[PDB]
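Analysis of the macromolecular model
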Protein chains: 2
Amino acid sequence: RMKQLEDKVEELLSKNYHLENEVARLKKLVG
Amino acid sequence: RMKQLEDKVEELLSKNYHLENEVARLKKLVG
């Protein structure tokens, strides 16, 4: 169902943005 | 539509794993 799939997309995007935030913070640590 | 949404989840999923790996590599290295 469409709804469940839409939601899964929204959720994955949201986890992805969280992980990209971490990478940038860790990047800042590196240099 | 259904099949494009499935594909997007698959794509986000793949991306998420790559970011996790990346986050794991940078942490090790950094802290």
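For each chain, numbering restarts from 1 and follows the sequence as written, which can differ from how the entry numbers it; residues lacking coordinates are not listed. Here the convention is simple: chains get letters from A, ligands get numbers from 1, in the order in which they are written. Excluding hydrogens and water, the side-chain figures rest on all heavy atoms present in the structure.

Its PDB header names X-ray crystallography as the technique used to obtain the model and reports a resolution of 1.8 Å.

1. Thoughts on the interface of chain A and chain B
Often, the extent of an interface is quoted as the loss of accessible area on bringing the components together. In this analysis, two residues are considered to be in contact whenever any of their non-hydrogen atoms come within 4.5 Å of each other. Listed as interface residues are 19 residues of chain A and, on the opposing side, 17 residues of chain B. When chain A packs against chain B, close to 1700 Å² is buried across both sides, 81% of that on carbon and sulfur atoms. Each salt bridge in this description consists of a side-chain nitrogen of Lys or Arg and a carboxyl oxygen of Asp or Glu lying within 4 Å of one another. If you look at where chain A meets chain B, you find three salt bridges. We note a salt bridge from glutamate 20 of chain A to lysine 15 of chain B, for which the minimum N-O separation is 3.7 Å. Think of a polar contact as two N or O atoms within 3.5 Å of one another; within protein, one of them needs to be a possible hydrogen donor and the other a possible acceptor, and neighboring residues in sequence only count if both atoms come from side chains. Linking chain A with chain B are three residue pairs in polar contact, by the criterion used here. Of the residues that constitute the side of chain A that touches chain B, the class distribution is 10 nonpolar, one polar and eight charged. When two components associate, each loses some accessible surface as probed by a 1.4 Å sphere; the sum of these losses over both components is called the buried area. Side-chain classes follow a simple rule in which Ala, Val, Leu, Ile, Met, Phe, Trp, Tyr, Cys and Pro form the nonpolar group, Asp, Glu, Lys and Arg form the charged group, and the remainder, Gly included, forms the polar group.

2. A look at the relation of the copies chain A and chain B
A least-squares fit on C-alpha atoms is used to superpose the copies onto one another. Of the two same-sequence chains, chain A is brought onto chain B (RMSD 0.6 Å, axial shift 0.0 Å) by a rotation of 171°. Looking at the interface residues of chain A, 89% of them are also at the interface in chain B, so both copies use one shared face.

3. Regarding the environment of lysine 27 of chain B
Counting from the N terminus, the helices are DSSP H or I runs at least four residues long and the strands are E runs at least two residues long. With respect to the helices, strands and loops of the structure, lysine 27 of chain B is situated in helix α1 (residues 2–30). Measuring from C-alpha to C-alpha, the distance between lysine 27 of chain B and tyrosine 17 of chain B comes to 15 Å, with 10 residues separating the pair along the chain. Not counting chain neighbours up to four residues away, the residues in contact with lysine 27 of chain B comprise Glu22, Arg25 and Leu26 of chain A.

4. What to know about the pattern of salt bridges
All told, the structure shown has five salt bridges over all chains when counted by the stated rule. One salt bridge connects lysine 27 of chain B with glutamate 22 of chain A, and the closest N-O pair in it is separated by 3.6 Å. In this pair, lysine 27 of chain B is assigned in helix α1 and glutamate 22 of chain A in helix α1 (residues 2–30), connecting two distinct chains. Buried means the residue's accessible area, taken with a 1.4 Å probe over protein chains only, is under 20% of the maximum for its type, while exposed means over 50%, and partly exposed covers the values in between. Residue classification places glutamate 22 of chain A among the buried residues on the basis of a relative accessible area of 19%.

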